[PDB]
Amino acid sequence: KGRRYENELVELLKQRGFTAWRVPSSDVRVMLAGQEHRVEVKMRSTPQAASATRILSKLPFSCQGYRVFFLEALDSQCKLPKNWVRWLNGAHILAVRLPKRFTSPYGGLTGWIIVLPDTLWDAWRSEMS
Amino acid sequence: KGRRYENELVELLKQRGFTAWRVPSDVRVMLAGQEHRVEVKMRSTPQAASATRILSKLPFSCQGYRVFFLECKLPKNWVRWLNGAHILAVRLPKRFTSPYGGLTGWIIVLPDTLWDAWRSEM
């Protein structure tokens, strides 16, 4: 019910050591540096439907103040994809879910792409491991 | 640390049917399907909380806010605490609130827009 992917994202984040939860658009929350952040969740069936076709091979990259990376990626890091700024919808973290069959050949095992502010990248990396 | 009272407020809100939690405005509450920060203040006497004249007037509406025990102009000290946040929860010793009907010791200062959603979550 769309909530399926929000719950999947919350479980993947809790598995990586984050304090994350769901709240009924349907929104997700995450604790970074001791602060709560809204996470917008978008699911698309193909990389073309998510405007990620050219992006997949370029991850992780920093563009327009945002770091764009696969959820499952700690590797060291321009305009941003078409509907992504529109999908952020006032929030500062965006989580895009594609079928794993499309992301896995580029190293995205879970299917998730995270669009995080570059100011939050330090706190994000220091929550894991 | 005053986390003791934030936990007490979260339990009282969950008991009344609300989805409330403390952040690891440290308190959050779900109203109409939206998350709201709740500012928590604990004071030892009604004078320290600017509630002396208020206790007998609850529940009242004042300056766009519905002031009531958890179960006209607002004090300028409450207008500073409620600024930033939207909901303010003031905790006094129950010995002061109980003769006025406040068994728990908590006073909630909620916006008028949120009163509909608050009443429909009980």
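Residues numbered from 1 in each chain as written, not as in the entry; some residues may be left out. Chains lettered and ligands numbered in written order. Heavy atoms only, no water. Residues with missing side-chain atoms left out of burial classes, pairs and counts.

Structure determination for this PDB entry was carried out by X-ray crystallography, with a resolution of 2.551 Å recorded in the header.

S.K.: Even after reading the chapter, I still don't get the overall build of chain B, so can you show me in this structure?
M.R.: The helix and strand inventory of chain B stands at four helices and seven strands. Along the chain direction, N to C, the helices and strands of chain B fall in the order α-β-β-β-β-β-α-β-α-β-α. Expected size for 122 residues packed as a compact globule is a radius of gyration near 14 Å; at 13 Å, chain B falls within 12% of this value. With the C-alpha coordinates aligned to their principal axes, the bounding extent of chain B is approximately 35 × 30 × 25 Å. (Helix = DSSP H or I, 4+ residues; strand = E, 2+ residues; numbered from the N terminus. Rg over C-alpha atoms; globule rule 2.2 N^0.38 Å.)

S.K.: I would appreciate a short explanation of the sheet that holds strand β1 (residues 20-23) of chain A in the present structure.
M.R.: Residues and elements named next belong to chain A. Ordered in space as β1-β2-β3-β6-β7-β5-β4, the seven strands form an open sheet in which the pairing is mixed. Looking at which strands have only one partner, the edges of the open sheet turn out to be β1 and β4 (61-63). The sheet shows a mean angle of 25 degrees between the axes of neighbouring strands, direction not considered. Bridge count for strand β5 (residues 66-70) against strand β7 (residues 112-117) is five bridges, and the pairing is antiparallel. Bridging across to β7, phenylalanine 70 finds its partner in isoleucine 113. Here helix α1 (residues 3-15) sits on the sheet in contact with β1, β2 (27-32), β3 (35-43), β6 (93-97) and β7, set at roughly 165 degrees to β1. (Pairing = 2+ DSSP bridges. Axes fitted to C-alpha atoms, helices over the stretch in contact; angles between N-to-C directions. Contact = heavy atoms within 4.5 Å.)

S.K.: Hey, could you run me through the nonpolar core in this one?
M.R.: Across soluble globular proteins, you tend to see nonpolar side chains buried next to one another. Core analysis: the biggest nonpolar cluster contains 23 residues, and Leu9(A), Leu32(A), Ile114(A), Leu116(A) and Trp124(A) have the highest contact counts within it. Of all the secondary structure elements, the ones that give two or more residues to this core are α1, β2, β3, β6, β7 and α4 (121-125) of chain A. Here this core gets four residues from one element, more than from any other, and that element is α1(A). Excluding its chain neighbours within four sequence positions, the residues that come into contact with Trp124(A) are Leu13(A), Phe18(A), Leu32(A), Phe69(A), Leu71(A), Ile114(A) and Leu116(A). Within the second largest apolar cluster, 21 residues are counted, among which are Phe18(B), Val40(B), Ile87(B) and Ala89(B). (Core = buried A, V, L, I, M, F, W, Y, C linked by side-chain atoms within 4.5 Å. Buried < 20%, exposed > 50% of the residue type's maximum accessible area, 1.4 Å probe, protein only.)

S.K.: What should I look at first to understand the pairing of strand β3 (residues 34-42) of chain B in this one?
M.R.: The side chains of a regular strand alternate between the sheet's two faces. Residues and elements named next belong to chain B. As paired strands, strand β2 (residues 27-31) and β3 are joined by five bridges and run antiparallel to one another. Its bridge partner lying in β3, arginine 28 is registered against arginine 37. One ladder, built from five bridges, connects β3 with strand β6 (residues 87-91); its direction is parallel. In the sheet register, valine 38 faces β6, and the bridge partner there is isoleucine 87.

S.K.: How do you make sense of the sheet that holds strand β7 (residues 106-111) of chain B when you look at a structure like this?
M.R.: Hydrogen bonds between backbone atoms are what pair the strands of a sheet, whose relative direction is either parallel or antiparallel. All names here are of chain B. Within the open sheet, the seven strands sit side by side as β1-β2-β3-β6-β7-β5-β4. Their pairing is mixed. Edge positions in the sheet fall to β1 (19-22) and β4 (60-62), since each has one partner strand and no second. In this sheet, adjacent strand axes meet at a mean angle of 25 degrees when their direction is disregarded. Packed onto the sheet, helix α4 (residues 112-119) meets β2, β3, β5 (65-69), β6 and β7 and runs at close to 115 degrees relative to β7.

S.K.: Looking at this structure, I do not really get the environment of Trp81(B). What am I missing?
M.R.: Mapping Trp81(B) onto the fold places it in helix α2 (residues 78-81). In this structure, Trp81(B) is in contact with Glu39(B), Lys41(B), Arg43(B), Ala48(B), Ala49(B), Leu88(B) and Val90(B), ignoring residues within four places of it in sequence.

S.K.: What should I look at first to understand the interface of chain B and chain A in this one?
M.R.: Note: interface size is frequently given as the accessible area lost on complex formation between the parts. Facing seven residues of chain B, the contacting portion of chain A comprises seven residues. Of the residues contributing to the side of chain B that touches chain A, the split by class is four nonpolar, one polar and two charged. (Nonpolar A, V, L, I, M, F, W, Y, C, P; charged D, E, K, R; others polar.)

S.K.: Would you take a moment to explain the side chain of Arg67(A) for this structure?
M.R.: Residue and element names in this part refer to chain A. By the element assignment, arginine 67 lies in strand β5. No salt bridge forms around the buried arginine 67; measuring N to O, its nearest opposite-charge neighbour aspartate 118 is 5.4 Å away. Excluding residues within four positions of it along the chain, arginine 67 makes contact with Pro60, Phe61, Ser62, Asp75, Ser76, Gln77, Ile114, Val115, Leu116, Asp118 and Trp121. (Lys, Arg positive; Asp, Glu negative; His and termini not counted. Salt bridge = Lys/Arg side-chain N within 4 Å of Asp/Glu carboxyl O.)

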